[PDB]
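**Student:** Below is a structure I'd like to ask you about.
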Amino acid sequence: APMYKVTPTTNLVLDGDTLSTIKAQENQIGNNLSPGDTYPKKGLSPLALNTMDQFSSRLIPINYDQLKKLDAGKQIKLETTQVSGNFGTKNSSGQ
Amino acid sequence: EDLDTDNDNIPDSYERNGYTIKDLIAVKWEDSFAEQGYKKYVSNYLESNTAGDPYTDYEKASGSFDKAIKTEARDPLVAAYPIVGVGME
Amino acid sequence: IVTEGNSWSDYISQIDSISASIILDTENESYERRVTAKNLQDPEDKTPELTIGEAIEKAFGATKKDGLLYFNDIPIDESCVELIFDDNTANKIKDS
Ligand SMILES: [Ca+2]
Ligand SMILES: [Ca+2]
């Protein structure tokens with residue numbers, strides 16, 4: 001089934017430490033997601049998740065001791081915890 | 001005849017065989033109507049929105065919607081649907 | 001009188017698509033009007049037919065004196081004013 005207004009929540013983990021959990025803002029909400037499809041659709045480019053506050057006016061910071069291992073050959077991982085969306089029904093008129 | 005299932009203003013046999021809208025009512029299609037500028041419409045008699053757009057078969061066929069919609073979207077089989085896009089300069 | 005929730009943007013496109021725009025440019029004042037046209041392709045378009053003279057008479061509220069339209073006292077007859085069209089209107093009016 002499709003999901004309208006996809007608003008996932010993701011975690012960023014460096015070694016065993018969850019750097020931050022960010023809910024999708026208005027910049028990173030997908031209006032349509034049909035089964036078997038993807039957002040952005042195939043042939044486009046991935047969307048950038050680079051804000052952490054509710055109104056998308058604050059970047060995601062990391063520590064100096066975290067950046068030190070980030071530049072020392074260690075990678076970060078992303079885990080999705082939950083996704084919230086909508087479904088379509090007909091009202092009393094027909095819309 | 002007069003049976004209507006999808007509950008629009010167009011009967012079953014009219015949608016199944018062919019109809020045209022004149023004077024805001026649906027009538028059977030006759031081939032002599034073509035030279036007056038009328039069009040033949042066929043729809044789905046079990047669905048109220050054949051194309052899936054917000055407007056029903058009657059609204060599309062009779063042109064009873066937003067007047068800015070192009071006249072080639074008035075037949076039920078063609079959807080009224082925008083393809084808005086963005087380009088950078 | 002309620003003026004909240006009544007937007008002109010809902011009627012801008014529906015009006016621009018079935019009308020012709022006429023702009024009368026007098027001295028130190030300008031007017032712009034939209035007059036409803038008629039589609040001859042659609043047999044169910046019962047909009048009354050109008051000529052350019054009647055459109056100009058209706059849009060700006062001009063009154064005839066001897067068959068020639070006057071705005072207030074300024075002659076607006078086609079032989080007393082300068083008419084400017086775009087390429088599309090000029091092509092559609094030269095053949096008619
Ligand atoms: Ca029906
Ligand atoms: Ca139908």
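Each chain of the structure tokens is named A, B, ... in the order shown, its residues numbered from 1; ligands are numbered from 1 in display order.
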What do you get as a list in words if you pick all residues at most 8 Å from ligand 2, counting only C-alpha atoms and all ligand atoms?

**Tutor:**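 Within the 8 Å cut-off, the matching residues are residues 6, 7, 8, 10, 15, 43, 44, 45, 46, 47, 48, 49, 50, 56, 57 and 58 of chain B.
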
**Student:** Leaving out residue B:53 and any residue of its chain fewer than 5 positions from it, which residues lie within 9 Å of it when counting only C-alpha atoms, given as a list in words?

**Tutor:**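 Listing them by chain and then by number gives residues 79, 80 and 81 of chain B.
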
**Student:** Could you list the residues in chain A lying within 12 Å of chain B, using only C-alpha atoms, and format the result as a PyMOL selection string?

**Tutor:** chain A and resi 90+93-95

**Student:** Since we have the selection now, will you write its residues out, keeping C-alpha atoms, as a PDB file, in the first residue's frame?

**Tutor:**
```pdb
ATOM      1  CA  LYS A  90     -13.240   8.947   0.612  1.00  0.00           C
ATOM      2  CA  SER A  93     -18.632  14.124  -1.103  1.00  0.00           C
ATOM      3  CA  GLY A  94     -16.389  11.812  -3.125  1.00  0.00           C
ATOM      4  CA  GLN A  95     -12.941  13.349  -2.770  1.00  0.00           C
TER       5      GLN A  95
END
```

**Student:** Give the residues of chain B that lie within 10 Å of chain C; count only C-alpha atoms, and format the answer as a PDB file with N, CA, C and O atoms, in the first residue's frame.

**Tutor:**
```pdb
ATOM      1  N   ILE B  21     -22.985  15.135 -24.097  1.00  0.00           N
ATOM      2  CA  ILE B  21     -23.633  16.056 -23.173  1.00  0.00           C
ATOM      3  C   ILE B  21     -24.103  17.271 -23.957  1.00  0.00           C
ATOM      4  O   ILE B  21     -23.296  17.965 -24.585  1.00  0.00           O
ATOM      5  N   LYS B  22     -25.407  17.528 -23.921  1.00  0.00           N
ATOM      6  CA  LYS B  22     -25.978  18.722 -24.522  1.00  0.00           C
ATOM      7  C   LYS B  22     -27.071  19.252 -23.608  1.00  0.00           C
ATOM      8  O   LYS B  22     -27.867  18.479 -23.069  1.00  0.00           O
ATOM      9  N   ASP B  23     -27.080  20.571 -23.414  1.00  0.00           N
ATOM     10  CA  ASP B  23     -28.026  21.234 -22.514  1.00  0.00           C
ATOM     11  C   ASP B  23     -27.940  20.666 -21.099  1.00  0.00           C
ATOM     12  O   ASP B  23     -28.951  20.482 -20.417  1.00  0.00           O
ATOM     13  N   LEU B  24     -26.713  20.375 -20.661  1.00  0.00           N
ATOM     14  CA  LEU B  24     -26.406  19.929 -19.303  1.00  0.00           C
ATOM     15  C   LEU B  24     -27.025  18.576 -18.963  1.00  0.00           C
ATOM     16  O   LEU B  24     -27.111  18.213 -17.787  1.00  0.00           O
ATOM     17  N   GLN B  36     -22.109  18.828 -35.980  1.00  0.00           N
ATOM     18  CA  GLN B  36     -22.420  20.007 -35.184  1.00  0.00           C
ATOM     19  C   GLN B  36     -21.295  20.388 -34.232  1.00  0.00           C
ATOM     20  O   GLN B  36     -21.378  21.439 -33.590  1.00  0.00           O
ATOM     21  N   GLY B  37     -20.253  19.568 -34.131  1.00  0.00           N
ATOM     22  CA  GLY B  37     -19.165  19.814 -33.212  1.00  0.00           C
ATOM     23  C   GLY B  37     -19.203  19.013 -31.931  1.00  0.00           C
ATOM     24  O   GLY B  37     -18.370  19.253 -31.051  1.00  0.00           O
ATOM     25  N   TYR B  38     -20.135  18.075 -31.797  1.00  0.00           N
ATOM     26  CA  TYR B  38     -20.227  17.263 -30.596  1.00  0.00           C
ATOM     27  C   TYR B  38     -19.202  16.134 -30.632  1.00  0.00           C
ATOM     28  O   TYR B  38     -18.623  15.815 -31.674  1.00  0.00           O
ATOM     29  N   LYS B  39     -18.982  15.526 -29.469  1.00  0.00           N
ATOM     30  CA  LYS B  39     -17.989  14.476 -29.306  1.00  0.00           C
ATOM     31  C   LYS B  39     -18.628  13.254 -28.666  1.00  0.00           C
ATOM     32  O   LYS B  39     -19.595  13.365 -27.907  1.00  0.00           O
ATOM     33  N   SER B  62     -19.491  17.285 -19.129  1.00  0.00           N
ATOM     34  CA  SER B  62     -20.287  18.490 -19.308  1.00  0.00           C
ATOM     35  C   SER B  62     -19.472  19.769 -19.191  1.00  0.00           C
ATOM     36  O   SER B  62     -20.032  20.855 -19.372  1.00  0.00           O
ATOM     37  N   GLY B  63     -18.179  19.674 -18.904  1.00  0.00           N
ATOM     38  CA  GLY B  63     -17.367  20.870 -18.744  1.00  0.00           C
ATOM     39  C   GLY B  63     -17.812  21.742 -17.591  1.00  0.00           C
ATOM     40  O   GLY B  63     -17.837  22.972 -17.719  1.00  0.00           O
ATOM     41  N   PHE B  65     -16.380  22.199 -14.574  1.00  0.00           N
ATOM     42  CA  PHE B  65     -15.282  22.343 -13.632  1.00  0.00           C
ATOM     43  C   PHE B  65     -14.583  23.681 -13.871  1.00  0.00           C
ATOM     44  O   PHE B  65     -15.101  24.561 -14.565  1.00  0.00           O
ATOM     45  N   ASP B  66     -13.415  23.837 -13.252  1.00  0.00           N
ATOM     46  CA  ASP B  66     -12.556  24.991 -13.490  1.00  0.00           C
ATOM     47  C   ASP B  66     -12.389  25.240 -14.982  1.00  0.00           C
ATOM     48  O   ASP B  66     -11.917  24.369 -15.718  1.00  0.00           O
ATOM     49  N   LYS B  67     -12.777  26.435 -15.427  1.00  0.00           N
ATOM     50  CA  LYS B  67     -12.764  26.750 -16.852  1.00  0.00           C
ATOM     51  C   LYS B  67     -11.359  26.861 -17.424  1.00  0.00           C
ATOM     52  O   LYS B  67     -11.216  26.940 -18.649  1.00  0.00           O
ATOM     53  N   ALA B  68     -10.326  26.880 -16.583  1.00  0.00           N
ATOM     54  CA  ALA B  68      -8.956  26.952 -17.071  1.00  0.00           C
ATOM     55  C   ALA B  68      -8.403  25.598 -17.496  1.00  0.00           C
ATOM     56  O   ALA B  68      -7.327  25.552 -18.100  1.00  0.00           O
ATOM     57  N   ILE B  69      -9.105  24.505 -17.197  1.00  0.00           N
ATOM     58  CA  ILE B  69      -8.659  23.184 -17.618  1.00  0.00           C
ATOM     59  C   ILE B  69      -8.824  23.048 -19.126  1.00  0.00           C
ATOM     60  O   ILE B  69      -9.850  23.443 -19.695  1.00  0.00           O
ATOM     61  N   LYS B  70      -7.808  22.488 -19.779  1.00  0.00           N
ATOM     62  CA  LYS B  70      -7.816  22.369 -21.231  1.00  0.00           C
ATOM     63  C   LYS B  70      -8.983  21.506 -21.699  1.00  0.00           C
ATOM     64  O   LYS B  70      -9.393  20.556 -21.029  1.00  0.00           O
ATOM     65  N   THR B  71      -9.520  21.854 -22.870  1.00  0.00           N
ATOM     66  CA  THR B  71     -10.693  21.177 -23.412  1.00  0.00           C
ATOM     67  C   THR B  71     -10.421  19.736 -23.817  1.00  0.00           C
ATOM     68  O   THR B  71     -11.377  18.991 -24.054  1.00  0.00           O
TER      69      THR B  71
END
```

**Student:** According to DSSP computed on the backbone, where in chain B is there alpha helix (DSSP H)? Give the residues as a ChimeraX atom specification.

**Tutor:** /B:12-17,57-62
